[PDB]
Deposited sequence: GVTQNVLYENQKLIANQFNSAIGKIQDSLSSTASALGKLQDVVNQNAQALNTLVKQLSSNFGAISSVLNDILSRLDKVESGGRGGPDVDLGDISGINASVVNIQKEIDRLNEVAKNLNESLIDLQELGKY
């Protein structure tokens, strides 16, 4: 029984350690994917905001030129739709990303080193 029991414990430690290594990689991959999603979402939010600000300035100019045209045509007050309140939010998941990376490293302390 003692040789089956000790070989069992070795098998358990080895399989556990093996599973922990695989989980560490999966946490690092997850952290990496979240970081890239966070960056692109925030980049595309900033693009949308920049777009909005430049558009409403383009509608301002168009409105001013149209108004000038209309008066000069009377010689022989058009308000375009305001978009400047449209706003894309940014995301912040850095604390969650840091936690996953911290656990991937911390799980090293959970490895089993059996006594021979």
* Structure fact -> Gaps vs the deposited sequence (1-based, no CA atoms) are 1-2, 79-86, 127-130
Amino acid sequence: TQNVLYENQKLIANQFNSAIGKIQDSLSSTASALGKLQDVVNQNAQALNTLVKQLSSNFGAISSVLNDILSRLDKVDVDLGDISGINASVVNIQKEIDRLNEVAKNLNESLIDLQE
From here on, numbers count along this sequence of modelled residues.
* Structure fact -> Comparing 4-12 with 105-113, the higher average Cα temperature factor in the PDB entry belongs to 4-12
* Averaging only over Cα atoms, indicate whether 15-23 or 92-100 has the higher B-factor in the PDB entry. => 15-23
* To do: Return the residue from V40, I69, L48, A31 that has the highest Cα B-factor in the entry.
  => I69
* If you check the C-alpha B-factor for each of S63, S57, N44, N87 in the entry, which is highest? -> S63
